[PDB]
Every structure is written in C-alpha cells, then in structure tokens.
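# Below you'll find the sequence and an experimental structure to go with it.
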Amino acid sequence: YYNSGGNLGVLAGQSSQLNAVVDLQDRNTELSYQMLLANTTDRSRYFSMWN
Amino acid sequence: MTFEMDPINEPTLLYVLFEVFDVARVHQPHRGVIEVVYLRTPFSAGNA
Amino acid sequence: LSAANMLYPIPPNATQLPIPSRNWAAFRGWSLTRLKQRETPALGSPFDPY
Amino acid sequence: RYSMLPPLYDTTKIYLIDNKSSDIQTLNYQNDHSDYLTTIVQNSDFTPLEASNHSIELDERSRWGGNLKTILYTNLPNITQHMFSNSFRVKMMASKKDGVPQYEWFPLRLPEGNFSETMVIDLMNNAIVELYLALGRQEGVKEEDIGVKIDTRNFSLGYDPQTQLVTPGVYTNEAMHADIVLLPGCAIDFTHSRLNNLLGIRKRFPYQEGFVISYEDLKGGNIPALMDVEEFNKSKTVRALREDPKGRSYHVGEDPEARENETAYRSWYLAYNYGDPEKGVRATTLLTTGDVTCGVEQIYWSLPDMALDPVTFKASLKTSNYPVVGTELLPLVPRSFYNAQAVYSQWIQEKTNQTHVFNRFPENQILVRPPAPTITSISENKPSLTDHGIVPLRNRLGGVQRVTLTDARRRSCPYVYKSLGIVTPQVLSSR
C-alpha cells in the first residue's frame, strides 16, 4: 500500500508514538520509484531479487 | 488549461503532473524519537 | 517525481477538456499524459470493486 | 494556521461530520459510519474531497485542548447477532421410546427485529417448539414432556397449606415476573447470551463465567398441582388433577398425595422467595427488573490523528485498541407504557391473528401462553447530546481525521446512523 490514507504505513519510536510517515493520496510513490531507477541505472538488465 | 485531444470510443483520463517540491526533513533529537516535517509547495494540502 | 497527481475524466468521444485550478505560489512545471479508465484502478480506497 | 487564508486567534472550531464520508469516496469504501475518515477542512470551492496533504497547524510554543460535544444516534434492534441476543442454549429432551430417552444441549436462534419483552419470551418458546417439530415428535418424545418453558405468572397464589392443591382449579391468570420452568434432566445455558438479564435473573457474582442453571439446582420449588373441580361434591379434595381435555398428564411424581401432590415441574420464581434462603437458588441469583435493553454497556470514542494519548494509552494502527478520549452510554432507552388491555387482549389477540402460533396448547395449564404482564417496556433509539471534558490536541492536526466508535468488546458497531463531533480548542499552558 502506497498513497492511501486508508492503509498508511507506520514508522515511529515507541516513546514518541508520533508516526513519521505522512502520506497523501495525491502523491504517487509507485511511478516515482520507476522513473528513479531509469535515471540511476540501466533499466534493461534484470535482477530477480527485486523482480 | 484546455486540452484538445483525439476522440476515443471509451472512457479515458487526463493524467496531469504539477511538478512541485515534495521535501521532508527528519530530526532525531533523542534515542527512539523521530520527528519529521513535510512540505510540498505549491499544493501544500490540496486546493480550496 | 515531486509532483501532485491529478485525474480528470474524459467522456467517450470527447474532444475538449477544460480544467480549473489555482496555485498561490510558483512550482516547477507541468507534465501530462492520457490513461484508460478501465486500466486505472481507483486508488485511495482499500479495494476497487469495479 | 489554515495553510492559506488568514490564521485565526484563540477559540476556534473544527467540525468532524459524518456527511463528509460520501465525498471522501476512496477511504470509507468498506466501512459504514463506525470508523470512517473525514476532511475537517471545509473551504467551500475545492470540490468534494481535497486537502489530504494540508495540515491544520498549531503553534510549537503552546499546546491546545478543546471540548468535544458529539451528536450520536444509533438504531440497534432489540435482538441481533451482534449483541448476542438471538441465540440461547437449552438442553431439551431428544427422544423417548421403550423408556430409552436422552437429552442434548441445542443452540437456538431468533429472528432479527421483533421487540417487546413479552414478544421475545414467546419467541424463546417458539424456538423450543420448532426444535420439537424437527427432532421431537419424529423420534419419540410426546407433546406432554416438553422440557424448558419460559413463563411469567406465580404458580402458588391459590395454593392452600392444608390440601396442598391449587383450590381455584386453575392457576391465577396474572403475570408477576418472568422465569424458567424446567423438567427432569434439562436446563438453560446463558454463558453466551444476554437474554438472561431480560428475564430479570442475574447472578450475585457476575464476575464468574458460566451461567448454567440445571433442573438439579431448583430443589424446593415444585409447582403445586391443580384441584379436580368437576369432582367436588362434598369429598374429593386430596385427588389432584391428572388429565384434562385432549388428555395430557401433568407428570406427577407419584400416585400418593403426601410429599407428592407436587409435579415434576421445577419453577424458578418459586425457588427464589419460597424455597430455603440458605442453600436454595436465592444464594447465587437475584430478582432484578426485566430491562429490555439487556445492559447499560458503554461505547468508546477516539480520534487518534488529533487527540493526544490519554495518560497510559499508546499509539498503534488497529480498530481494536485505539486511544479512547471519552466514553458515552449507548443511546438506547427504556420506554415505560401501560396496557390495561393485557390478559384481556390475549383473549382477543387469538382472534386478531389467523393462527395460534404461540398458543399451540390452549388446554394445558403449564404449556399455555405466558400471561401478558402489565406495563410493557420497549427500546427507543434517542439521539443523545453528551458533554465530553477537555482533551489535549496534537502539535499539527491532520487533514483527514479518523472518527471511530469502539464498543465494549473492542469492535465496530454496524448500527450507527449519525456520528458528528464539534471541537473548540483553547490554550492551556506554555512550555
């Protein structure tokens, strides 16, 4: 799940209790990640680990 | 904005992308304490 | 990516498509394309029945 | 700060409506008014849903903490699978051929809807009958020895301390309080039922799970047999009534009258304040008011993405452990009536309706229809307007709040029709 307030991921310190992950269904992580890879590496090779 | 496009025999969508600055600072003062501050400008929190 | 994702419906056979919105500041630029409704799952909700 | 517009000073209002869930079409596309997400923005020109990223800022220097005057309004039926009021176990006879009987516990189910304390009792016995009309009459057991039967009237008002029989020849037709008649080797289970409180039967020590009440426990509460009226010319008296129209023996303990005149029908109401108050039933139970609502169970409220963790509560993401902000009592009320028609309307209702469903045995003085008690109480969903105390707020309230309404067992209550809150934040103390 990404960009979904319905199932927003949590990542905060037990003592803090204040979630550090603030997502908005307006953003698009999925696509963002894609383009990112095509700019740092050769998006033609394959890598099973990350499928 | 006014987009003129070719007609298609099926429902479509106009995917727009208002390139902005989606940045966030992470501050860790003490052990087991994460304080973050997001800021996407323009379009801070929707438009109204 | 750094950009706000917007989605406006385009009725079948439609040609013109206006979109009103206003920015109080200055961004970076525009970027756009076209997608098919059937191939675009309605996000935000934990499940799309259609 | 409202991110845009101009910021406002102290004494502001942030409303959390249920009329906003339809517009958020993307978040509550699975949950119904129990844990939906709302936009506490309300700008008025930015289309339905928007401002998901925008946050309603509050200063770093001082923390707020406003009231919370919510407006709840449910519509929960009297009986439903949710509150565990539809089912209720009860060991009844299964077969009896060649003196080869048997008893086995069977879970019963009641339809959703029907209310009224009297109507529910007739339904509890109606379930007893349908069980017999599927397993009973096909195997061996007669219509006479039907185990378990809820009543309401006192079976010892006409009893005389000499003869030991109900001199009227008929049990007094006037309900007092509901109970549970039992036959040899048969009881009712109420470990997983709230129908027990409805009858007006609570344990002195509710903290101990297991509300079993067998026939063996109802010692010293035998129902006094009727007197043979048609055979009273000068002598007879001692001779109790055995049969009647259609011929249905009352199941006497034996032929004698000494230590016997009694039948094999243990009563709960007789065991209470007529038994021996030292080792009887009156040691672990208690004669309480009926109360249709079954219990004064109080719901929980919470708003994780806005109100601070109340003292010892901890942050997490699950609808079964949200940080409660304040508790309210469920908006279900009792509505006292008064039907003088009762008992007299019973004699007429048998004609209003086409078929005697409840009153299948209009002959037997024990397996009849329970006399309709005076002052019927019905549930009435009243829209409450509570007054919650001051609650601290976050450092930066979210755009899309999460209004949750937890129950007693920590879970959604699919009977919420209205659920809105108003918050009026104000400064408390600086750092």
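Thanks, I have the structure now. Residues are numbered from 1 along each chain as shown, chains lettered A, B, ... in the order given.

# Let's verify residue A:30: helix, strand, or coil?
With DSSP: H, G, I helix; E, B strand; the rest coil as the basis, the three-state label of residue A:30 is helix.

# Now do the buried residues in stretch C:43-50.
Judged by neighbour count using 16 or more other C-beta atoms under 10 Å in any protein chain shown, the buried positions of stretch C:43-50 are C:43, C:44, C:45, C:46. To be clear about C-beta, it is placed using only N, CA and C from the backbone, and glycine gets the same treatment.

# Oops, could you answer that again for stretch D:387-403 instead?
The neighbour-count criterion (16+ other C-beta under 10 Å) identifies D:388, D:391-394, D:396-403 as the buried residues of stretch D:387-403.

# do stretch D:422-431 as well
With burial defined by 16+ other C-beta under 10 Å, the residues of stretch D:422-431 counted as buried are D:423, D:425.

# and if you look at stretch D:34-46?
D:34, D:35, D:36, D:37, D:38, D:39, D:40, D:41, D:43, D:46.

# Strands of chain C, start to end?
Read by DSSP state E, chain C holds these strands, from start to end of the chain: C:3-10, C:16-18, C:35-36.

# now, of these, which is deepest in the fold?
Each of the strands of chain C was given a mean neighbour count from mean count of other C-beta atoms under 10 Å in any protein chain shown, and the largest, a mean of 18, is that of strand C:3-10.

# quick check, it touching chain B?
Yes: counting by C-beta under 8 Å from any C-beta of the partner chain, contacts between strand C:3-10 and chain B involve C:3, C:4, C:5, C:6, C:7, C:8, C:9, C:10.

# what's that strand packed up against?
In terms of contact count using 3 or more C-beta pairs under 8 Å, 6 or more residues apart in numbering or on different chains; DSSP states H and E, strand C:3-10 is assigned the packing partners strand B:12-19.

# which strands and helices sit next to the strand it packs on?
The elements that strand B:12-19 packs onto, with contact taken as 3+ C-beta pairs under 8 Å, 6+ apart, are strand C:3-10, strand C:35-36.

# Can you tell me which of the residues of strand C:3-10 next to chain B is nearest residue C:20?
The closest of the residues of strand C:3-10 next to chain B to residue C:20 turns out to be residue C:8 (C-beta to C-beta; 10.3 Å).

# quick one: contacts for the closest one?
With contacts defined as C-beta atoms under 8 Å, 6 or more residues apart in numbering or on different chains, the neighbours of residue C:8 are B:13, B:14, B:16, C:17, C:19.

# Figure out how far stretch D:203-214 is from the centre of its chain.
If you compare the mean C-alpha spot of stretch D:203-214 with that of the full chain, they lie 16 Å apart, counting by C-alpha atoms, centre = their mean, to the nearest Å.

# Show residues contacting that stretch.
D:180, D:182, D:186-191, D:193, D:196, D:268, D:281, D:283-286.

# Endpoint to endpoint, it covers what distance?
For stretch D:203-214, the separation between the terminal residues is 14 Å (C-alpha to C-alpha, to the nearest Å).

# In it, which residues are buried?
Residues of stretch D:203-214 classed as buried: D:211, D:213 (neighbour count, 16+ other C-beta under 10 Å).

# need the residues of chain A near chain B, please.
Taking C-beta under 8 Å from any C-beta, the part of chain A that reaches chain B is made up of A:11, A:12, A:13, A:14, A:15, A:16, A:18, A:20, A:22, A:24, A:26, A:27.

# Flag every residue of chain D that's near chain A.
Taking C-beta under 8 Å from any C-beta as the test, the list of chain D residues beside chain A reads D:26-27, D:29-30, D:37, D:52-53, D:309, D:314-317, D:400.

# Of the residues you listed, keep whichever come out buried.
D:26, D:27, D:29, D:37, D:52, D:53, D:315, D:400.

# Could you dump the strands of chain C into JSON lines and include distance to residue D:262?
Rendered in JSON lines, the data for these read as follows (distance: least, C-beta to C-beta, whole Å):
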{"stretch": "strand C:3-10", "distance to residue D:262": "80"}
{"stretch": "strand C:16-18", "distance to residue D:262": "89"}
{"stretch": "strand C:35-36", "distance to residue D:262": "83"}
